[PDB]
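The structure tokens that follow cover one protein chain in two forms, given apart as structure 1 and structure 2.
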Structure 1
């Protein structure tokens, strides 16, 4: 499973690329049932919404649900990831982000790499983020907004909650890096660069939007933290190369 030449060049130039229809509706169903089951596990890997009534983020479902292990090693994701990075890979981070219905606007613009570098000791942006749409993503249910091409800016040379950017910063960025929101049916995949600027739009719809993000990292690019590292469910520690898996996802207890 490979990106076309144009898809590679789109990833390189714009910082993201959308692969619609990567996983079938049957596969989406299997993953959604596994997500519902995993949301019942109580732990600090599960971030509840402010009102505590729903799950906002879930870390490391692939360690608890076999379907998500299957996904994480699927040819359809690791093929494109290996194509881009040309090395053995392991899972730096696995998370499922839920944007609740009627969720309101939050200032969430950020860049992944600078946090991983300065908080977690990630040396270099030799990684790729891979999103899997567990919901249809539309203009109304809180799509990810990229600043197109903004990964070309690199990252400044130089606790996690201290990082942020100002409206004035965002304004300057949009000048050369316009807002773009990939929209597609559940089962679609998008790959995006660790140094791209992104945020999610508010979900004004009555339905939650579930977005799975796997970050694959070069086994030679393992974090070298200076202090106590964050939990393994946030930042992977096992750099054993992933074994790729061929075939459909299937229900697995």
Structure 2
């Protein structure tokens, strides 16, 4: 499981690459059933929307549901991630952002790396985000939007907002881009939203500027994201580290697994 040379160049130049149809419909069935089961588990890893009606984000489902553990070790994910980072990898973060039909809320414009750098002592952006679509992603159900190529700017420096939106994780709003920055950046780094059927995979750079809008549609948008990190790039927090459900601590190199998810 490998990227084509064009796909590697696309990731380098644009900051994201889309692999359609990586997981088959029956594997999507098994994953969605495990998502529905996992959403019922109470705990601090389960983040509700502000309006309280539905789950907004779930952390560390791979520690509770076997299929998500299998997914996280799949060579269909680790092959591409290893090709891009050229190192041994471990799971820095595992989340599913479950954006409900009929009002699932937005995700603020941000970069990921600065959050992990400043909150957790992540030294360098030697990591890759690997999205797995558990819903068809369309123009209508709040797809991730990227500022194309904006990871080439590196980290856009800022201080965290005075008050945190959530005490269960860092909501990107805490490190949100300002309007002035977005207006300047979008002219050089235009908006693009990769669209594809469920089971598709989207790899994207931790310094790409990205965000997503509220989902007004009748269709849910369940988006799984695994952040793989270089084992030699473990966080060095100055204080007590955040919980393991949000920030991984086991830097044992992952060994990939071939075959279907079951």
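Definition used throughout: the rigid core is the maximal C-alpha set that superposes within 1.5 Å between two forms. Numbering follows the first chain given and starts at 1.
**Student:** Just verifying the output here: the form solved without 2-oxoglutaric acid should be either structure 1 or structure 2. Which one is it?
**Tutor:** It is structure 1; that copy is the form solved without 2-oxoglutaric acid.
**Student:** Quick one: with the rigid core lined up, which of 139, 75, 88, 105 moves its CA 2 Å or more between the two structures?
**Tutor:** Spelled out, the residue whose C-alpha shifts by 2 Å or more is 105.
**Student:** If the rigid core is lined up, how many Å does the C-alpha atom of residue 228 shift between the two structures?
**Tutor:** Once the two forms are fitted on their core, the shift reads 1.4 Å.
**Student:** Upon rigid core superposition, what is the positional shift of the Cα of residue 164 between the two structures, expressed in Å to one decimal?
**Tutor:** It moves 2.1 Å at the C-alpha.
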